[PDB]
There are 6 protein chains.
Amino acid sequence: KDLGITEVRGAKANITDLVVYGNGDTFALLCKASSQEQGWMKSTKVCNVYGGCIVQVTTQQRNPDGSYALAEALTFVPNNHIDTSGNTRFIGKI
Amino acid sequence: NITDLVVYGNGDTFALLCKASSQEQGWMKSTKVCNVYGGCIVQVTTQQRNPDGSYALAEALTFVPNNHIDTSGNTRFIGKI
Amino acid sequence: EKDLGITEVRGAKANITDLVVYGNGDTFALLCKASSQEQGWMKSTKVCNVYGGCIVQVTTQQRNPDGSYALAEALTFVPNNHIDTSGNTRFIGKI
Amino acid sequence: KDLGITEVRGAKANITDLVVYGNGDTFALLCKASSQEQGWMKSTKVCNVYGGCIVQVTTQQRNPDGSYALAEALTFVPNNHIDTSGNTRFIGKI
Amino acid sequence: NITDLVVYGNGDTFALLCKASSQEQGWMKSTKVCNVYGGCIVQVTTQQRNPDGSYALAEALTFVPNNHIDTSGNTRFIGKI
Amino acid sequence: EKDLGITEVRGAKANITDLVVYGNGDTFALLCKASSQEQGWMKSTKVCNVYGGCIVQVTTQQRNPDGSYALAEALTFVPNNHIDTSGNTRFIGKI
Ligand SMILES: Nc1ncnc2c1ncn2[C@@H]1O[C@@H]2COP(=O)(O)OP(=O)(O)OC[C@H]3O[C@@H](O[C@H]2[C@H]1O)[C@H](O)[C@@H]3O
Ligand SMILES: Nc1ncnc2c1ncn2[C@@H]1O[C@@H]2COP(=O)(O)OP(=O)(O)OC[C@H]3O[C@@H](O[C@H]2[C@H]1O)[C@H](O)[C@@H]3O
Ligand SMILES: Nc1ncnc2c1ncn2[C@@H]1O[C@@H]2COP(=O)(O)OP(=O)(O)OC[C@H]3O[C@@H](O[C@H]2[C@H]1O)[C@H](O)[C@@H]3O
Ligand SMILES: Nc1ncnc2c1ncn2[C@@H]1O[C@@H]2COP(=O)(O)OP(=O)(O)OC[C@H]3O[C@@H](O[C@H]2[C@H]1O)[C@H](O)[C@@H]3O
Ligand SMILES: Nc1ncnc2c1ncn2[C@@H]1O[C@@H]2COP(=O)(O)OP(=O)(O)OC[C@H]3O[C@@H](O[C@H]2[C@H]1O)[C@H](O)[C@@H]3O
Ligand SMILES: Nc1ncnc2c1ncn2[C@@H]1O[C@@H]2COP(=O)(O)OP(=O)(O)OC[C@H]3O[C@@H](O[C@H]2[C@H]1O)[C@H](O)[C@@H]3O
């Protein structure tokens with residue numbers, strides 16, 4: 001598992017057998033932290049919709065034996081969108 | 001692909017919005033959407049295979065008012081009903 | 001092993017000899033399900049109709065090669081919809 | 001793990017070292033299915049609050065090696081309460 | 001009981017509502033509540049210890065409008081603000 | 001092993017030599033945290049302020065005796081509240 005992917009173009013450039021259906025950036029990356037050595041990645045991604053957005057938080061932790069623990073959570077946020085017009089993205093009023 | 005697959009009801013009740021996967025790295029991630037009256041139900045799914053062949057799994061779900069997955073083109077999107 | 005293909009209580013009672021049910025075990029009614037007993041997974045959506053809307057549950061279970069399981073659950077309230085079980089195919093729609 | 005507990009009185013009568021803080025029936029059992037042999041239990045519990053209720057779904061699956069997999073989920077339901085005045089409980093209008 | 005415990009902020013931001021546990025059977029289940037303006041945040045927690053000493057964990061969270069955990073008596077409850 | 005006591009990005013960068021951060025890594029600001037590095041667990045609440053409310057995340061991680069981990073996450077929207085970080089103790093309150 002590559003712990004530092006930030007967009008679908010960087011994913012296709014680093015995973016040789018990646019298969020993507022639909023718009024791979026439907027959930028745009030808001031922020032992410034990872035340590036390849038400590039084996040973890042945490043990210044927030046946002047899908048803009050009519051009148052609000054869908055916010056996803058993701059955690060993945062690699063174990064010493066090579067296995068993984070995973071968690072995901074999701075919520076709807078009214079009248080906000082992720083702004084992707086800057087280098088540092090944020091959620092704000094539509 | 002699955003010889004003994006059994007489906008109850010509409011197996012596409014949650015229609016696929018997007019998906020990424022890698023068979024070698026052993027993970028898949030998808031978003032699926034069920035259109036209902038006045039809004040839609042959005043499901044996110046992650047599955048990761050481990051080196052010993054076992055799996056880690058996660059799921060999350062939310063309601064989105066006044067949106068439907070629009071399947072009228074090749075690229076689906078969630079938008080105003 | 002876990003039966004991954006149950007669709008209602010009557011079927012569970014007929015296939016699980018020691019099943020114990022408290023209350024109405026069809027409170028969360030099956031909307032859709034897919035499963036493979038040999039590949040070892042099931043995914044289902046269930047709906048509990050309530051006053052003014054319904055509660056929707058999505059459920060995933062995956063069997064591992066060593067016979068253990070991975071599991072996930074998620075839940076949301078849906079206003080002004082109910083599962084309709086009056087026809088061959090069930091659906092969520094306006095109350 | 002006892003897979004068939006239905007109320008806090010039955011839990012105290014079967015678990016010798018059980019410790020309960022607060023009202024142990026804050027989340028009242030709505031429905032439950034379990035198989036001791038297949039090793040699983042699934043339950044819905046409901047906490048009545050002002051103007052609505054909190055609904056919890058719980059799944060626990062025992063593995064061949066004696067370990068467990070667990071999952072939980074929670075949502076708020078407006079203008080409904082669990083009715084406990086009958087033997088078979090239901091969620092309905094407050 | 002925990003010698004190296006480190007707490008940041010108010011360690012009781014989520015106040016305990018109820019809890020059940022068994023040290024021998026190896027599980028604990030709790031509900032905790034954070035009072036906010038106009039409502040409260042309700043967290044449910046489960047932890048199960050395995051025979052090999054490892055753990056399974058689960059968490060869930062929801063917002064409840066116009067309720068607070070009432071801590072004015074020995075038995076706490078969620079009720080109208 | 002996982003550092004279970006991080007409270008902000010500056011502390012993570014100073015204690016995790018290969019940390020990589022995309023975007024503003026304090027987007028979810030720490031509200032409260034408890035951890036024991038020796039017992040192997042951490043529990044935290046983080047808040048992302050947005051227009052008209054905030055997003056609240058609760059996070060749990062537990063280390064197992066074999067060095068592996070169990071994890072859980074949950075998330076909800078809270079209307080008309082923000083985390084206030086202007087004082088010694090942070091709190092969620094009216095915007
Ligand atoms: N809820 C999802 N539903 C469907 N598909 C998803 C979801 N979530 C992730 N994906 C796909 O996996 C790829 C890499 O994911 P990843 O390497 O495992 O880490 P990440 O933090 O989740 O994604 C960070 C960025 O990557 C880009 O492509 C992603 C997505 O195409 C995206 O623009 C992300 O914003
Ligand atoms: N949130 C729940 N709360 C309480 N109890 C639950 C829940 N969810 C499931 N149960 C009980 O387990 C039995 C078998 O479940 P299962 O075999 O593991 O598969 P499934 O997809 O979850 O349920 C498919 C159908 O089975 C029937 O009986 C179920 C339920 O009585 C039902 O009519 C289901 O609609
Ligand atoms: N909440 C559910 N409730 C009931 N059943 C479900 C759910 N979720 C998935 N299923 C069933 O599993 C099949 C394959 O699942 P899969 O191979 O494991 O990956 P996926 O990302 O979840 O689904 C990608 C697409 O597959 C199609 O059939 C699905 C569904 O019939 C669907 O149209 C999906 O849109
Ligand atoms: N979100 C919770 N928060 C705090 N505490 C909880 C929660 N959930 C469960 N508990 C406690 O465990 C005991 C047994 O739990 P159990 O044996 O593991 O199975 P169950 O289906 O979850 O609970 C079925 C019934 O048991 C009674 O006592 C429960 C509770 O005091 C209750 O009235 C339940 O309605
Ligand atoms: N939902 C998230 N989405 C994206 N990224 C996240 C999330 N959640 C955490 N991160 C990143 O991991 C780093 C270390 O996290 P961690 O060490 O594993 O502990 P923690 O309790 O989750 O975060 C405590 C503080 O750490 C700082 O940096 C964090 C974050 O940049 C932050 O200011 C936290 O407020
Ligand atoms: N979402 C959280 N965010 C930050 N920190 C958290 C959260 N949740 C828990 N904590 C911290 O762990 C300590 C012990 O946790 P614990 O021993 O593992 O069990 P518990 O049921 O979760 O908490 C029972 C009571 O303990 C007190 O201190 C807690 C908290 O400081 C609290 O007042 C609890 O009300």
Side-chain angles (χ1 to χ4, degrees), chain A residues 1-8 10-11 15 18 20 22-34 40-47 56-60 72-74, chain B residues 17-21 27-31 44-46 60, chain D residues 1-8 10-11 15 18 20 22-30 32 41-47 56 58 60 72 74, chain E residues 17-21 27-31 44-46 60, chain F residues 2-9 11-12 16 19 21 23-31 33 35 42-46 48 57 59 61 73 75:
Chain A
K1 177 68 173 189
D2 192 325
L3 294 189
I5 302 301
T6 63
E7 62 280 327
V8 79
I15 308 166
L18 184 70
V20 174
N23 171 11
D25 290 331
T26 291
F27 277 87
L29 187 59
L30 176 66
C31 57
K32 186 161 178 161
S34 55
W40 57 265
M41 74 156 192
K42 293 185 166 190
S43 60
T44 299
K45 298 156 286 189
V46 181
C47 173
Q56 177 183 26
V57 298
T58 302
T59 299
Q60 179 155 355
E72 300 277 354
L74 195 70
Chain B
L17 174 67
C18 57
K19 181 160 186 165
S21 58
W27 56 269
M28 82 173 193
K29 292 183 170 200
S30 57
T31 303
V44 296
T45 301
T46 302
Chain D
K1 177 68 173 189
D2 192 325
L3 294 189
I5 302 301
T6 63
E7 62 280 327
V8 79
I15 308 166
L18 184 70
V20 174
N23 171 11
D25 290 331
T26 291
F27 277 87
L29 187 59
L30 176 66
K32 186 161 178 161
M41 74 156 192
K42 293 185 166 190
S43 60
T44 299
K45 298 156 286 189
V46 181
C47 173
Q56 177 183 26
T58 302
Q60 179 155 355
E72 300 277 354
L74 195 70
Chain E
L17 174 67
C18 57
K19 181 160 186 165
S21 58
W27 56 269
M28 82 173 193
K29 292 183 170 200
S30 57
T31 303
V44 296
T45 301
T46 302
Chain F
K2 167 89 173 175
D3 192 317
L4 300 162
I6 302 302
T7 59
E8 66 290 308
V9 160
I16 308 175
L19 182 74
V21 180
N24 180 350
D26 291 331
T27 290
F28 274 87
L30 190 60
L31 176 64
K33 184 156 182 170
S35 61
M42 67 172 201
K43 297 187 167 196
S44 61
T45 306
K46 293 157 284 174
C48 174
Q57 178 181 28
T59 296
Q61 184 156 345
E73 301 282 355
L75 198 71

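Computed from heavy atoms alone, side chains included, the values below leave out hydrogens, waters and symmetry copies. First listed ligand is number 1; within each ligand, the first listed atom is number 1. The chains referred to below are lettered A, B, ... by the order of the sequence lines, with proteins before strands, and numbering in each begins at 1.
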Heavy-atom pair with the smallest gap, counting every atom of D/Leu18 and E/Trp27: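 Distance-wise, the nearest heavy atoms are CD1-CH2, 3.7 Å.
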Who pairs with [X] by side chain to side chain donor-acceptor pair (under 3.5 Å), at least two apart in sequence or on another chain?
X       : result
B/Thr46 : A/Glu72
A/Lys45 : A/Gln56, A/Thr58
E/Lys19 : none

Evaluation steps, side-chain contact (heavy atoms from CB on, under 4.5 Å), between F/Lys2 and F/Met42: CA-CA 10 Å; F/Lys2 167 89 173 175; F/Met42 67 172 201; 4.1 Å; yes
First-shell residues of ligand 5 [heavy atom, distance under 4.0 Å]: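 Protein residues near ligand 5 are A/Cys31, A/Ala33, A/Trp40, A/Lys42, A/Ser43, A/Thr44, A/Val57, F/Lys2, F/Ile6, F/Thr7, F/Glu8, F/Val9, F/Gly25, F/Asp26, F/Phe28, F/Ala29, F/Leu30, F/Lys33, F/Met42, F/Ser44, F/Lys46, F/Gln57.
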Heavy-atom check, side chain of B/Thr31 versus side chain of A/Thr26, under 4.5 Å: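 No, every pair of side-chain atoms sits at 4.5 Å or beyond.
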